[PDB]
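Keeping their order, the protein sequence lines are chains A and A'. A prime marks a further copy of an entry chain.
Following the deposited numbering, the numbering of the first sequence begins with 6 at its first residue and continues without gaps.
Following the deposited numbering, the numbering of the second sequence begins with 6 at its first residue and continues without gaps.
Cβ atoms here follow ideal geometry from the backbone N, Cα and C, with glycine treated the same way.
Number of protein chains: 2
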Amino acid sequence: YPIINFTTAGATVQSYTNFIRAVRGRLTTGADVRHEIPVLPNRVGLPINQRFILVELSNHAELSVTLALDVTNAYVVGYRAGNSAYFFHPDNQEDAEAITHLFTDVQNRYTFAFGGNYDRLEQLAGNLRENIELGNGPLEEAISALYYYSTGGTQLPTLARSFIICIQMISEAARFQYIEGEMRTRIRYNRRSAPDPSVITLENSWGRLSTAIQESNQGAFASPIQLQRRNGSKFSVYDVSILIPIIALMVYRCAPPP
Amino acid sequence: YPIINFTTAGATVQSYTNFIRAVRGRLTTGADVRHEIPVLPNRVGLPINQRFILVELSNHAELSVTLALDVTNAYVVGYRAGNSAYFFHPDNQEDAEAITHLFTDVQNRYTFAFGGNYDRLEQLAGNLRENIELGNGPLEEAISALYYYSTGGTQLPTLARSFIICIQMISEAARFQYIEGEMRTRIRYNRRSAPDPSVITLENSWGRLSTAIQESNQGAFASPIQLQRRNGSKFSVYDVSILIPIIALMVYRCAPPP
Ligand SMILES: Nc1ncnc2[nH]cnc12
Ligand SMILES: Nc1ncnc2[nH]cnc12
Numbered sequence: 006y007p008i009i010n011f012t013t014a015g016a017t018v019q020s021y022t023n024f025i026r027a028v029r030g031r032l033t034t035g036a037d038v039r040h041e042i043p044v045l046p047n048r049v050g051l052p053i054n055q056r057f058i059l060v061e062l063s064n065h066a067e068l069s070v071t072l073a074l075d076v077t078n079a080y081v082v083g084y085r086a087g088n089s090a091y092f093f094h095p096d097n098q099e100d101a102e103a104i105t106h107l108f109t110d111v112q113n114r115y116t117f118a119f120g121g122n123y124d125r126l127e128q129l130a131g132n133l134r135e136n137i138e139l140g141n142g143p144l145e146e147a148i149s150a151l152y153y154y155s156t157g158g159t160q161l162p163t164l165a166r167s168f169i170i171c172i173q174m175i176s177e178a179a180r181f182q183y184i185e186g187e188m189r190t191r192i193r194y195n196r197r198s199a200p201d202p203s204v205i206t207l208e209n210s211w212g213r214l215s216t217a218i219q220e221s222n223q224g225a226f227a228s229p230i231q232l233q234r235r236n237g238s239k240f241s242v243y244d245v246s247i248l249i250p251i252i253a254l255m256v257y258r259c260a261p262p263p
Numbered sequence: 006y007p008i009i010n011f012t013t014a015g016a017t018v019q020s021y022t023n024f025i026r027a028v029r030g031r032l033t034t035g036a037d038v039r040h041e042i043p044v045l046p047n048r049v050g051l052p053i054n055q056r057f058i059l060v061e062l063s064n065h066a067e068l069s070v071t072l073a074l075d076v077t078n079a080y081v082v083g084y085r086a087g088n089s090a091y092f093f094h095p096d097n098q099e100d101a102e103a104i105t106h107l108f109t110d111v112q113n114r115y116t117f118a119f120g121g122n123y124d125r126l127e128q129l130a131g132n133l134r135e136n137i138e139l140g141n142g143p144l145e146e147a148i149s150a151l152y153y154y155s156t157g158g159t160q161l162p163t164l165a166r167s168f169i170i171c172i173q174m175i176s177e178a179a180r181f182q183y184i185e186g187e188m189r190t191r192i193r194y195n196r197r198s199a200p201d202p203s204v205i206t207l208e209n210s211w212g213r214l215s216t217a218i219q220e221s222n223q224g225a226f227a228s229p230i231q232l233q234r235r236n237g238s239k240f241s242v243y244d245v246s247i248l249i250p251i252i253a254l255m256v257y258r259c260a261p262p263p
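Below you can see the structure in the form of structure tokens.
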């Protein structure tokens, strides 16, 4: 599986931009672009040899961790830190079988009893996304927490919080240019801040937006989608046009019509 | 007023393309582009010095005629052939006054008792658009008929038919890339053929399409517009997206929203 490397040590908006750009490039084949927006591979008929990409992250403390992303939805399915590998609870047999192909070389493979959706993760972390700061500093720390979990060094709530940080700075940033932009700003000014409503609503709406665009009438949505602005004010989306500069990738929902 | 020249003598799809391209360039200022489609100047506040463009047409018989197009809608308002000038009946005082600024140098200025809309013109011609052949040959002939009207040489029905030809090959071709394309084909293969339903429906719908696009919700139409394909089958338009490659210019209907 392809491996993309990134280090928080000395990261700049350019090193981070290049990274996210490399991830998107691995995620999509370029064979399916809907209204100028690339669509991720369809899970049906996809060979395991092309099902995952690995993201090796290192930090200033020289600790390294490798995350596995599923190509069909850009989800982090598990990670590896030295000796051991940890996987979120699979939500079906196809997926349970697919992950058996990852980190086959580790001596200790563990599968959590919980899945990786935000609801579960926030419960375990004891904090919501709106309260967890994002930025290069939080990421640097997340890499170490993830690493120390394999040594009994990290607490369950810290592990959960770390995943929340990693998932938004890697998977969500790859999905939305908007979110990647929010991250670039934090890195540029060395700011560490929790995500605003615009970010959280987009994260929550990815699956629906992907469906609405793919089932739209020449780009026109059958029913509008309510999003939130940074100030929290609601904002209705009626067309794929205003989303072209916001969403970078879509999950496959249906075949394109003639 | 700017003058654009075109000759049917030895015309090629390239000489015709350059011509239509020059007309569009005179018609629009470039200050108003709605969803990638240029909008014509608003009639309110437009100075007479920038209200018209002239199109001088010549043919193989060496006859010349000059048509006046109104910049706000690309309409042919009248023409000049040597000694005399003829104007369609103005449909308001603003317009009656504006045309007093055209062909001020002719010795004989006449204003028809009828206007230039297709309904009136088809009645006078004794034939509908669907029955009047378009092409370089029909245009070559139209220029002569228009010219001979000033000498008592052209019959009223032939004059009307000639205008119908001129209006579709100049004004409608400038408004729609689709119609300009239909004309290029006729010229390329030296074909002379009446317009199909796709052409006529577009001509009929220009004002509505301009309004629907300008009042759309992020490109999404509030109510769909029914057009016809070349084979006559109906086809619904729900978004401005599929029209971007079809319509070249829009008439000003409203100011653009923030
Ligand atoms: N583990 C995960 N990977 C990607 N997107 C997610 N959204 C919530 N959990 C996720
Ligand atoms: N005289 C004219 N000029 C432009 N478009 C027209 N449509 C009908 N009559 C017209």
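Please determine, among the options, the residue with the shortest C-alpha to C-alpha distance to residue i.
i                : options                           : result
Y154 of chain A' : A':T13, A':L254 and A':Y84        : A':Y84
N136 of chain A' : A':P52, A':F226 and A':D201       : A':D201
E102 of chain A' : A':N54, A':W211 and A':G131       : A':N54
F24 of chain A   : A:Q233, A:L248, A:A179 and A:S210 : A:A179
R213 of chain A  : A:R166, A:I169, A:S228 and A:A199 : A:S228
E146 of chain A  : A:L62, A:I252 and A:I9            : A:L62
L133 of chain A' : A':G157, A':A165 and A':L207      : A':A165
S203 of chain A' : A':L51, A':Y80 and A':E177        : A':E177
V81 of chain A   : A:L129, A:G50, A:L151 and A:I172  : A:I172
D110 of chain A' : A':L232, A':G35 and A':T71        : A':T71
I169 of chain A  : A:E99, A:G237, A:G35 and A:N122   : A:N122
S238 of chain A  : A:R26, A:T206 and A:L68           : A:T206
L248 of chain A  : A:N222, A:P263, A:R258 and A:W211 : A:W211
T116 of chain A  : A:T105, A:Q182 and A:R235         : A:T105
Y183 of chain A' : A':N236, A':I251 and A':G158      : A':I251
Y91 of chain A   : A:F181, A:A118, A:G158 and A:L32  : A:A118
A27 of chain A'  : A':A36, A':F11, A':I42 and A':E41 : A':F11
Can you list, in chain order, the residues of its chain with a C-beta nearer than 8 Å to that of residue i? Leave out the 5 residues immediately preceding and following it.
i                : result
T22 of chain A   : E185 and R189
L51 of chain A   : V76 and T77
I230 of chain A' : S210, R213, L214, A217, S241 and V242
Using a threshold of 7 Å, is the CB atom of residue i nearer than that to any non-hydrogen atom of ligand 2?
i                       : result
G121 of chain A'        : yes
residue 315 of chain A' : Lying outside 6 to 263, the shown extent of chain A', residue 315 of chain A' is not represented and no answer is given.
Leaving out five residues on either side along the sequence, give the residues of the same chain with a beta carbon under 6 Å from the beta carbon of residue i.
i                      : result
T77 of chain A         : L45, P46 and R48
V18 of chain A         : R189, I192 and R193
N113 of chain A'       : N88 and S89
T156 of chain A        : none
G131 of chain A        : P162
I8 of chain A'         : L59 and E61
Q160 of chain A        : none
residue 269 of chain A : Since the first residue of chain A shown is 6 and the last is 263, residue 269 of chain A is not available in this structure.
Residues in the same chain with beta-carbon distance under 7 Å from residue i, minus the five sequence neighbours each way, listed in chain order, please.
i                : result
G120 of chain A  : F93, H94 and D96
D244 of chain A' : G224, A225 and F226
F57 of chain A'  : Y6, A73, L74, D75, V76 and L107
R39 of chain A'  : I218, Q219, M255 and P261
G142 of chain A' : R197
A16 of chain A'  : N141 and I192
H65 of chain A   : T13, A14 and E145
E138 of chain A  : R197, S198 and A199
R29 of chain A'  : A179, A253 and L254
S167 of chain A' : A147, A150 and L151
Strictly below 8 Å CB to CB, what residues from chain A' border residue i?
i               : result
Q223 of chain A : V242, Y243, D244, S246 and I247
Say yes only if the C-beta of residue i is nearer than 7 Å to one or more non-hydrogen atoms of ligand 1, and no if none qualify.
i               : result
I205 of chain A : no
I172 of chain A : yes
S176 of chain A : yes
Which chain A residues are close to residue i, counting only those with a beta carbon under 9 Å from its beta carbon?
i               : result
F57 of chain A' : The contacting residues do not exist; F57 of chain A' stays about 35 Å from chain A at best.
Mind pulling the chain A residues with CB within less than 8 Å of residue i?
i                : result
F226 of chain A' : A225
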